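First comes one chain, alone, set out as structure tokens in the form deposited without the partner chain.
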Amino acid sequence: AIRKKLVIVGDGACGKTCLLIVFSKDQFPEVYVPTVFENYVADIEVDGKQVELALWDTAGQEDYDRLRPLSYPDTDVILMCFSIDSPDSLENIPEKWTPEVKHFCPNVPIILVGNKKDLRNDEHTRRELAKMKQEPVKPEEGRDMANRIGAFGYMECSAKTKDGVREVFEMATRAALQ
């Protein structure tokens, strides 16, 4: 049975747990899904192959710099997340998450994921970000960061609408396999 360990990282509130939840809920047959993910085993089928994806969430540990990395050994793929409603979350990709992940997970493939894409054209978030002299992340900034950090790929998604979620995990699975 092919098993791959997936760790999701990124700033607090950038949507890591909701992303795992939407994906996990999409499994068939339908199962009851918990609200915490550590070696959570999800079954996926990708290009005719059954894969056990063991999901680890760093939500709740984003400030535990010494404890969080204990989860990194044997990781096969990384979902590195920022939120499209938070340019600050994007800046932490090269400043915090990428040096960390490359240190503890050398040569482990990274999927760069822009969560909450439904917020890009959200009138309320535009207003809030404007108070800080910021605006939503544009797709091209996401793509350029992916190249900059050497990510396997860049994907945008919304856990709210579910758009792009499937494809995030398909890409992560292919990367873990390859």
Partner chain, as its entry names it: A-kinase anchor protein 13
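Here, rigid core means the biggest group of C-alpha atoms that superpose within 1.5 Å across both forms. Numbering follows the first chain given and starts at 1.
Annotation for 127-135 versus 24-32: the higher mean temperature factor (C-alpha) is found in 127-135. Higher mean CA temperature factor, per the PDB entry, when comparing 108-116 with 139-147: 139-147. The deposited CA B-factor of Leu177 belongs to the middle third of values across its chain. In the deposited entry, the Cα temperature factor of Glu52 sits in the middle third of values across the chain's modelled residues. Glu62: CA B factor in the middle third of modelled residues in this chain (values from the PDB entry). Remark: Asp88 belongs to the middle third of its chain, ranked by C-alpha B-factor as recorded.
Although it is not shown, the form solved in complex with the partner chain is what the next lines describe.
The listed set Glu52, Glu135, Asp122, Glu141 contains one residue whose heavy atoms approach the partner chain in the deposited bound form to within 4.5 Å, identified as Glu52.
Taking non-hydrogen atoms only, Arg127 never approaches the partner chain to within 4.5 angstroms in the deposited bound form. Taking non-hydrogen atoms only, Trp56 approaches the partner chain to within 4.5 angstroms in the deposited bound form. Although the partner is absent from this view, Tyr40 contacts the partner chain in the deposited bound form, with a non-hydrogen atom inside 4.5 angstroms.
Comparing C-alpha positions between this form and the one not shown after a rigid core fit, one residue in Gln134, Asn147, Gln27, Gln50 moves 2 angstroms or more. It is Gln27.
With the core superposed, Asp122 shows a C-alpha displacement below 2 Å between this form and the one not shown.
Annotation: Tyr32/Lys16 CA-CA distance shorter in the deposited bound form than in the displayed model, change of at least 3 Å.
Whereas the shown form places them at one spacing, the Cα atoms of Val51 and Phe28 lie at least 3 Å farther apart in the deposited bound form.
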